[PDB]
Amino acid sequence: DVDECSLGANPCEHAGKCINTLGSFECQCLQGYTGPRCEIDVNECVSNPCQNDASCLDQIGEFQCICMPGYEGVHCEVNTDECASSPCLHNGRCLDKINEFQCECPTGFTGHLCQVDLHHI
């Protein structure tokens, strides 16, 4: 027949590589594109990749997750460790929460960070 890849413009959309065949042609699409002529912008959010109630952004050849507060990572799969800096004073036990921490203060200590000494009273 004809070499559709040699007529002038690339018959493959979105800079796909045109490969000639006898009787037709084929397109080798760049990441994020699909269809016989790469016409379609793939929806990278279609498989629900964003975890923990994150918002998914469908972009060119990728998705981006917008995490709920307290979450991080590409899929918002990481619950940020708020206990990392050891915030509890006087032997308080740190419990990691969502965008927060809890200190389990020993007897005689109170306050968010176990700051208040009550032993003298």
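A residue's number is simply how far along the shown sequence it sits, counting from 1.
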On mean C-alpha B-factor from the PDB entry, just flag whether 8-16 or 21-29 is the higher one. 21-29
Comparing 85-93 with 69-77, where is the mean C-alpha B-factor higher? 85-93
Of the three thirds of Cα B-factor ranks in this chain, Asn48 occupies the highest
Give the position of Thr110 by CA B-factor within its chain, expressed as the lowest, middle or highest third. middle
